[PDB]
Amino acid sequence: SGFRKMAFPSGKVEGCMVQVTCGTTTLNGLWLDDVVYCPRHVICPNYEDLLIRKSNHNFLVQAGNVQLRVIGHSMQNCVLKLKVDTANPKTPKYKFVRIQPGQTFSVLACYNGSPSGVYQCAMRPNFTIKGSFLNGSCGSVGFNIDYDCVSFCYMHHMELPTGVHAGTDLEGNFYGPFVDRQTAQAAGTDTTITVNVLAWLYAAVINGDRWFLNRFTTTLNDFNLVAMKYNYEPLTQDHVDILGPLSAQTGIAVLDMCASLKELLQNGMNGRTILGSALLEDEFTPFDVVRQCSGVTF
Amino acid sequence: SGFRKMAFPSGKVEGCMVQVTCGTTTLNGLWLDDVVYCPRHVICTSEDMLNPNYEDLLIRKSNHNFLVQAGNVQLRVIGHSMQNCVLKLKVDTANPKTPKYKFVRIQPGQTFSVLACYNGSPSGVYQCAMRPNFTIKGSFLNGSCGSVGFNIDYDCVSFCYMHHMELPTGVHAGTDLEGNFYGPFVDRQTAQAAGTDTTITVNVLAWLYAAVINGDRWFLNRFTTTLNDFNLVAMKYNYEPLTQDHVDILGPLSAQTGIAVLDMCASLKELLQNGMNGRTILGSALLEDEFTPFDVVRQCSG
Ligand SMILES: O=C(Nc1cncc2ccc(F)cc12)[C@@H]1CCOc2cc(F)c(Cl)cc21
Ligand SMILES: O=C(Nc1cncc2ccc(F)cc12)[C@@H]1CCOc2cc(F)c(Cl)cc21
Ligand SMILES: [Cl-]
């Protein structure tokens, strides 16, 4: 029993964190095989022109108390790839994956190439992440683990004025309409990840919380009309299919749970809580719920 | 900016998780140097659990009865001893991944990271707090016994908890790494219930200071309170008494934000009285009590 916001074990990623120093800027880099990946803003804009002025010895890479030697450098979108002479002996089995809004991942927050904390979060529908980052956290990475494979999905680049965070996949493509430059940028109006709220309602049922259940069911169209009103993301047939296992396990059809969600949106919780929360939690995917309520290991 | 429930990076602890089997029971063990630590109830059957005599059950066991598996490598047990409710299995190989570590016993209200494991394999990491009733509100399934709670301040792992059991209310009970239970619990299937839980007041105040540091001031008021009047009020909401030690501990946060500890106590009194009125504090509609004053300073400053 119990339901916690749980991150993946960060060990496979910790063995990849290095410090990258260029001029006065110091941030984090991800050392996989003989390449160190980091935000291209470490050289700070015309990034091609700024980069052409740099030599390999301008980039100081530090892996623990060992200085790595940079033997090449290239840019791929908003990520700088520093070729080093030494392949990381701790390189795990990995992939670079681009995630969709609503998908969750673990963030290993780092400062000076040293991991300080791990937390779970979701890529918001507005492509920002509600992270916890201070100055020096750029280059920190987001990831998932699938069996023994680390899927790198995020690299931290910046903080928006509202305190939310923006970054790229490991190929340097930003999530959202953001750019890596000092200019006026604002996150769009955010919405609630509906499939994730439903998955969390199933987790609550699995944990013995049933007060919000009702005898009612709804149509996918009627629920989406209600979801559009309360700034909730539309629920697709794919989402309904994805919630199938949880629906079969609890005996509560997705549209049966949707009618619970609809009543919760129009009436509130009425002093009650669900899994110790007075708000509807949307940062657990259906897969996160099954993984935690079944104990999958890595 | 931002405030998250943040766990310590679990890597130093992952390299210590092993699987311990004794008969039909399989749980997790913590491999540090040449010793594997695990709950002593690994020697029991589900039948023995009502009134086990661990000394009697342990004397009947030999080293080869304990199967220890570190990854795909079977470790050889060369000795065994019991220390309170923990079984210490001496093995023939020192863990090459042994970090710098300490065994620390924590007090209620203290937080720590939990590396949940099944079959000696880590499955997740989350942040926890020792509740005032000495239970932890964890997320644990069958086979999670032996999973550990820890803090990683500096490069040293302070082991503070080993999971032993789930109470009927779904909350969890365990021991420090010396095998001493937190709370009035015993490693027996007898009727045991957690005492009425209360809110960790000093932690809620620390979290209100984290909100101020992050630009949330809506809950502040022009009032102050005596420490005694605050405690008379807070007790009525099932909040732990706030001691002079707690007031002193909140000093740095008070100095940083310019809000006296007793002024923040008056905002808390008002929040208890009024609720949030549709508002949130740091993305939460409830008063969060699983961030210590030390956690707030670490996350907001470094
Ligand atoms: O975003 C940045 N810094 C920080 C990131 N995450 C949390 C931070 C929290 C506080 C803080 F002061 C800096 C934090 C840097 C430095 C400020 O300006 C820019 C502008 C940019 F276009 C880019 Cl791509 C990066 C930055
Ligand atoms: O607590 C136990 N198991 C589990 C622990 N943590 C979450 C669990 C969640 C579910 C579950 F079925 C077992 C879980 C075991 C087996 C049941 O009985 C006892 C009795 C005891 F005296 C002791 Cl010390 C341990 C246990
Ligand atoms: Cl303590």
# chains A, B, ... in the order shown; residues from 1 in each chain; ligands from 1
$ interface_residues --of "chain A" --to "chain B" --cutoff "9 Å" --atoms "only C-alpha atoms" --output "PyMOL selection string"
chain A and resi 1-15+108-109+111+115-120+130-134+159+162-165+207+276-279+291-298
$ residues_near_ligand --ligand "ligand 3" --cutoff "6 Å" --atoms "only C-alpha atoms and all ligand atoms" --output "VMD selection string"
chain B and resid 106 to 107 110
$ closest_residue --among "A:47, A:152, A:96, A:232" --to "ligand 1" --atoms "only C-alpha atoms and all ligand atoms"
A:47
$ atom_distance --atom1 "CA of residue 106 in chain A" --atom2 "CA of residue 194 in chain A"
20.2 Å
$ closest_atom_pairs --of "chain A" --to "ligand 1" --cutoff "9 Å" --atoms "only C-alpha atoms and all ligand atoms" --output "tab-separated table"
residue	atom	partner	partner_atom_place_in_ligand_line	distance
A:39	CA	ligand 1	24 (Cl)	7.6
A:40	CA	ligand 1	24 (Cl)	8.2
A:41	CA	ligand 1	24 (Cl)	5.8
A:42	CA	ligand 1	25 (C)	8.7
A:78	CA	ligand 1	24 (Cl)	8.8
A:131	CA	ligand 1	7 (C)	8.6
A:132	CA	ligand 1	7 (C)	7.4
A:133	CA	ligand 1	7 (C)	4.3
A:134	CA	ligand 1	9 (C)	3.6
A:135	CA	ligand 1	13 (C)	3.8
A:136	CA	ligand 1	4 (C)	6.6
A:137	CA	ligand 1	6 (N)	5.8
A:138	CA	ligand 1	5 (C)	5.7
A:156	CA	ligand 1	6 (N)	7.2
A:157	CA	ligand 1	24 (Cl)	4.9
A:158	CA	ligand 1	1 (O)	3.2
A:159	CA	ligand 1	6 (N)	4.3
A:160	CA	ligand 1	1 (O)	7.1
A:163	CA	ligand 1	9 (C)	7.7
A:164	CA	ligand 1	7 (C)	8.4
A:165	CA	ligand 1	6 (N)	6.5
A:166	CA	ligand 1	6 (N)	8.2
A:167	CA	ligand 1	24 (Cl)	8.1
A:178	CA	ligand 1	24 (Cl)	9.0
A:179	CA	ligand 1	22 (F)	6.8
A:180	CA	ligand 1	24 (Cl)	3.6
A:181	CA	ligand 1	22 (F)	3.3
A:182	CA	ligand 1	22 (F)	4.2
A:183	CA	ligand 1	22 (F)	7.0
$ write_last_selection --atoms "N, CA, C and O atoms" --output "compact mmCIF listing (two decimals), in the first residue's frame"
# COMPACT_ATOMS: atom_id res chain seq x y z
N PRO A 39 23.94 22.08 -22.92
CA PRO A 39 23.27 23.17 -23.66
C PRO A 39 24.30 24.01 -24.41
O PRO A 39 25.38 24.28 -23.88
N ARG A 40 23.98 24.41 -25.65
CA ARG A 40 24.91 25.24 -26.43
C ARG A 40 25.10 26.64 -25.82
O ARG A 40 26.15 27.24 -26.06
N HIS A 41 24.17 27.11 -24.96
CA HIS A 41 24.34 28.42 -24.33
C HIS A 41 25.54 28.47 -23.36
O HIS A 41 25.81 29.55 -22.84
N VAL A 42 26.28 27.36 -23.15
CA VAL A 42 27.50 27.36 -22.33
C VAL A 42 28.58 28.27 -22.98
O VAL A 42 29.39 28.86 -22.26
N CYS A 78 20.06 22.84 -30.39
CA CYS A 78 20.48 23.63 -29.23
C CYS A 78 21.41 22.89 -28.26
O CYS A 78 21.62 23.37 -27.14
N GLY A 131 9.66 22.24 -12.65
CA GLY A 131 10.81 21.64 -12.00
C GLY A 131 11.25 22.39 -10.78
O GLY A 131 10.51 23.21 -10.24
N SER A 132 12.43 22.07 -10.33
CA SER A 132 13.02 22.72 -9.18
C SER A 132 14.46 22.86 -9.54
O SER A 132 15.24 21.90 -9.46
N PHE A 133 14.81 24.04 -10.02
CA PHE A 133 16.14 24.32 -10.51
C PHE A 133 16.63 25.68 -10.08
O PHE A 133 15.86 26.65 -10.10
N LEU A 134 17.90 25.77 -9.71
CA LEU A 134 18.56 27.02 -9.37
C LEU A 134 19.65 27.27 -10.44
O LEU A 134 19.84 26.45 -11.35
N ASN A 135 20.39 28.39 -10.34
CA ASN A 135 21.45 28.70 -11.29
C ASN A 135 22.53 27.60 -11.21
O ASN A 135 22.87 27.14 -10.12
N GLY A 136 23.01 27.15 -12.35
CA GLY A 136 23.97 26.06 -12.42
C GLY A 136 23.34 24.71 -12.72
O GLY A 136 24.06 23.72 -12.91
N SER A 137 22.01 24.64 -12.78
CA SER A 137 21.31 23.40 -13.05
C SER A 137 21.21 23.07 -14.54
O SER A 137 20.79 21.95 -14.86
N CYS A 138 21.55 24.01 -15.46
CA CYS A 138 21.48 23.74 -16.91
C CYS A 138 22.33 22.54 -17.27
O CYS A 138 23.39 22.33 -16.69
N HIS A 156 17.88 20.23 -19.39
CA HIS A 156 17.46 21.53 -18.91
C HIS A 156 18.26 22.66 -19.56
O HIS A 156 19.49 22.58 -19.65
N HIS A 157 17.56 23.72 -20.00
CA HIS A 157 18.24 24.86 -20.61
C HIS A 157 17.94 26.15 -19.87
O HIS A 157 18.86 26.97 -19.71
N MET A 158 16.66 26.37 -19.46
CA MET A 158 16.32 27.66 -18.87
C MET A 158 15.10 27.73 -17.97
O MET A 158 14.24 26.85 -17.99
N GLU A 159 14.98 28.85 -17.23
CA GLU A 159 13.81 29.10 -16.41
C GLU A 159 13.04 30.27 -17.00
O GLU A 159 13.61 31.32 -17.27
N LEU A 160 11.74 30.09 -17.21
CA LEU A 160 10.84 31.12 -17.71
C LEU A 160 10.44 32.06 -16.55
O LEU A 160 10.58 31.67 -15.39
N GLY A 163 8.75 30.96 -13.20
CA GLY A 163 9.39 29.94 -12.38
C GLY A 163 9.34 28.55 -12.98
O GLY A 163 9.85 27.60 -12.38
N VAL A 164 8.67 28.37 -14.14
CA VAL A 164 8.62 27.07 -14.81
C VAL A 164 9.85 26.90 -15.70
O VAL A 164 10.59 27.86 -15.91
N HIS A 165 10.12 25.67 -16.15
CA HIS A 165 11.34 25.35 -16.86
C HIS A 165 11.15 24.89 -18.29
O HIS A 165 10.11 24.31 -18.65
N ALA A 166 12.13 25.21 -19.11
CA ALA A 166 12.12 24.84 -20.52
C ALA A 166 13.44 24.19 -20.90
O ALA A 166 14.51 24.58 -20.41
N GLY A 167 13.35 23.19 -21.75
CA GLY A 167 14.52 22.47 -22.20
C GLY A 167 14.32 21.74 -23.51
O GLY A 167 13.31 21.94 -24.19
N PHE A 178 9.93 27.66 -27.46
CA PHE A 178 10.98 28.38 -26.79
C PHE A 178 12.28 28.40 -27.58
O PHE A 178 12.54 27.55 -28.43
N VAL A 179 13.09 29.40 -27.30
CA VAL A 179 14.39 29.57 -27.92
C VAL A 179 15.44 29.81 -26.82
O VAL A 179 15.11 30.32 -25.75
N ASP A 180 16.72 29.48 -27.08
CA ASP A 180 17.76 29.64 -26.06
C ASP A 180 18.46 30.98 -26.16
O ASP A 180 19.63 31.08 -26.50
N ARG A 181 17.71 32.01 -25.83
CA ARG A 181 18.19 33.37 -25.92
C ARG A 181 17.51 34.22 -24.87
O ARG A 181 16.36 33.96 -24.49
N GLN A 182 18.22 35.26 -24.40
CA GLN A 182 17.64 36.19 -23.44
C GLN A 182 16.71 37.12 -24.20
O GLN A 182 17.16 37.98 -24.97
N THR A 183 15.39 36.87 -24.06
CA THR A 183 14.30 37.62 -24.70
C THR A 183 12.97 37.34 -23.95
O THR A 183 12.90 36.46 -23.08
$ residues_around --residues "residue 151 in chain A" --least-positions-apart "4" --cutoff "9 Å" --atoms "only C-alpha atoms" --output "short mmCIF file (atom, residue, chain, number, x, y, z; two decimals) with C-alpha atoms, in the first residue's frame"
data_model
loop_
_atom_site.label_atom_id
_atom_site.label_comp_id
_atom_site.auth_asym_id
_atom_site.auth_seq_id
_atom_site.Cartn_x
_atom_site.Cartn_y
_atom_site.Cartn_z
CA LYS A 93 22.50 1.00 -22.31
CA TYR A 94 20.72 4.16 -23.58
CA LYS A 95 18.49 5.78 -26.20
CA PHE A 96 17.57 9.37 -26.97
CA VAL A 97 13.78 9.63 -27.07
CA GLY A 142 15.27 13.96 -17.63
CA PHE A 143 14.99 10.22 -18.22
CA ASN A 144 12.98 7.01 -17.95
CA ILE A 145 14.22 3.43 -17.56
CA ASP A 146 12.77 0.65 -19.70
#
$ select_by_dssp --residues "range 21-253 of chain A" --states "strand (DSSP E or B)" --output "MDAnalysis selection string"
chainID A and resid 21:22 25:32 35:39 59:63 66:68 70:76 79:84 93:96 104:111 114:123 129 141:146 149:159 165:168 174 192 232
$ select_by_dssp --residues "range 75-208 of chain A" --states "alpha helix (DSSP H)" --output "JSON, numbers by chain"
{"A": [194, 195, 196, 197, 198, 199, 200, 201, 202, 203, 204, 205, 206]}
$ atom_distance --atom1 "CA of residue 189 in chain B" --atom2 "CA of residue 62 in chain B"
25.1 Å
$ residues_around --residues "range 48-50 of chain B" --least-positions-apart "4" --cutoff "6 Å" --atoms "only C-alpha atoms" --output "PDB file with N, CA, C and O atoms, in the first residue's frame"
ATOM      1  N   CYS B  44      11.831 -16.378   9.448  1.00  0.00           N
ATOM      2  CA  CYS B  44      10.497 -16.843   9.815  1.00  0.00           C
ATOM      3  C   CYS B  44       9.675 -17.384   8.664  1.00  0.00           C
ATOM      4  O   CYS B  44       9.811 -16.940   7.528  1.00  0.00           O
ATOM      5  N   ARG B 188       6.326  -8.893  14.711  1.00  0.00           N
ATOM      6  CA  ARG B 188       5.354  -9.935  15.046  1.00  0.00           C
ATOM      7  C   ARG B 188       4.031  -9.607  14.356  1.00  0.00           C
ATOM      8  O   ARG B 188       3.654  -8.449  14.326  1.00  0.00           O
ATOM      9  N   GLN B 189       3.269 -10.626  13.944  1.00  0.00           N
ATOM     10  CA  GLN B 189       1.945 -10.453  13.357  1.00  0.00           C
ATOM     11  C   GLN B 189       0.849 -10.186  14.399  1.00  0.00           C
ATOM     12  O   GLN B 189      -0.325 -10.392  14.094  1.00  0.00           O
ATOM     13  N   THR B 190       1.203  -9.734  15.613  1.00  0.00           N
ATOM     14  CA  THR B 190       0.204  -9.437  16.644  1.00  0.00           C
ATOM     15  C   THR B 190      -0.525  -8.132  16.343  1.00  0.00           C
ATOM     16  O   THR B 190      -0.012  -7.299  15.597  1.00  0.00           O
TER      17      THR B 190
END
$ residues_around --residues "residue 242 in chain A" --least-positions-apart "2" --cutoff "10 Å" --atoms "only C-alpha atoms" --output "list in words"
residues 195, 199, 236, 237, 238, 239, 240, 244, 245, 246, 247, 254, 285, 286 and 287 of chain A
$ closest_residue --among "B:55, B:176, B:47, B:187" --to "ligand 2" --atoms "only C-alpha atoms and all ligand atoms"
B:187
